[PDB]
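Quick heads-up: it's one chain on its own, the form deposited in one PDB entry, in structure tokens.
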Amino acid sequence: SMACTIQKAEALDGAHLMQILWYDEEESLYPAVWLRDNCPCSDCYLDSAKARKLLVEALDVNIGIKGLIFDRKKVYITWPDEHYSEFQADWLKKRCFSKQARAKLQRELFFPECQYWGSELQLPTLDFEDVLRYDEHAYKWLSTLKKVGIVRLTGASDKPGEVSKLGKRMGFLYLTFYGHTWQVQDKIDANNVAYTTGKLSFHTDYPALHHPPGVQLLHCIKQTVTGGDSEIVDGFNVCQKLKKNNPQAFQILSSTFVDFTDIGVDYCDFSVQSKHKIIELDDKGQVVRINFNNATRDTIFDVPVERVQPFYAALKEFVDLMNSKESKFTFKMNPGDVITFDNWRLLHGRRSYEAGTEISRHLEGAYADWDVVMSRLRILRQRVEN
């Protein structure tokens, strides 16, 4: 391509930059120290690992290019200490330091596209066995999970072991104190409100951990007619609405560290404590995670007395917005359904149902880490586009 073909390469600015003029007349700049740091030769770079061997200690941060020649596809550089490097035009083009080039590459790496939703949600749905068997379907599954925050998979069995298959399709599941997988049913001496017939208001799972599960998988084995409907909301959409409608409540919830706790016995004995801001912003002010489960919020609340009541007032505004008919999407799982969802972004809940002498309702759940999921998504995209 004219865009990836070198018309001219030159050392500039005390030889501390290389400038490429592409055949399309666009220009790109590459710092000499970055080129040296990223020399792909066998001394500097371990090809079997696609990893840098060069040490920081080896890198002269004031380095300039000693000499440069080029052809249409490569640049060949000598360094002051006689080290010698070759860089490929396409590799350079991809890594161009312009804002537009860097942003393009970041989109390709991290799939940021996000579709916010409320009660109008058309629940994305795919077949379970299709997703296990076919990369095209597994790609649609994970890409949709990332973009929309939820996908329903239909046609699974009505037996345990289905979420474990999805785990393997991803890579591996995320072990917690509740096990590799866990059974959501009414239990005697329940160690968690989940394991009762009570209503679960909107929550994220596991804010008692400093790194809550990124992705949740929930498979319906048995459903009851007496209640137990599912509800979901898009936390990122709700947070946007809250910031606009009640900036005071938004500021409180995005700045106040709330203590979470979980003590008991399951996979092993545990005594877990964390602190999170309910609305967790990145350094640019964008909401990246919601951390909220009313069951596991501690009785311990580590704020001055005068900030307590305003916190609760803020929290109520947030919960009320989540409950609003424009925000929430309600549905009922049937046996063989699996929902797979972003546990950092969505909040989820369930309606109460009636206890009985045997088990009338049984879900199997598991977690996965977003890095594990994104890894699989990157691989699938390449396989499906190749």
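What we label the rigid core is the largest C-alpha set whose atoms superpose within 1.5 Å from one form to the other. When you see a residue number, it is the position in the sequence shown, counting from 1.
- Higher mean CA temperature factor, per the PDB entry, when comparing 35-43 with 317-325: 317-325.
- Here 201-209 and 117-125 are compared by their mean Cα B-factor, and 117-125 comes out higher.
- Annotation for 94, 276, 297, 289: 94 ranks highest, by Cα B-factor.
- Per the deposited record, 82 carries the highest C-alpha B-factor of all listed residues (82, 231, 86, 302).
- Among all modelled residues in its chain, residue 20 ranks in the highest third by Cα B-factor.
- Ranked within its chain, residue 195 lands in the lowest third, by CA B factor from the PDB record.
- In the PDB entry, residue 66 places in the middle third of its chain by CA B-factor.
- Sorting the modelled residues of the chain by their CA temperature factor places residue 248 in the highest third.
- Among the modelled residues of its chain, residue 49 has a C-alpha B-factor that falls in the middle third according to the deposited record.
The same protein also has a form deposited in another entry, omitted here; what follows describes it.
- Note: rigid core superposed between the shown form and the other one; among 320, 326, 43, 358, the CA shift is 2 Å or more only at 358.
- In the core-superposed comparison between the shown form and the other one, residue 152 has its Cα shifted by less than 2 Å.
- In the core-superposed comparison between the shown form and the other one, residue 118 has its Cα shifted by less than 2 Å.
- The Cα position of residue 189 differs by 2 Å or more between the shown form and the other one after fitting on the rigid core.
- Compared with the form shown here, the C-alpha atoms of residue 296 and residue 355 sit at least 3 Å farther apart in the other form.
- Pairwise change in the other form: residue 209 and residue 197 C-alpha atoms lie farther apart than in the shown form, at least 3 Å.
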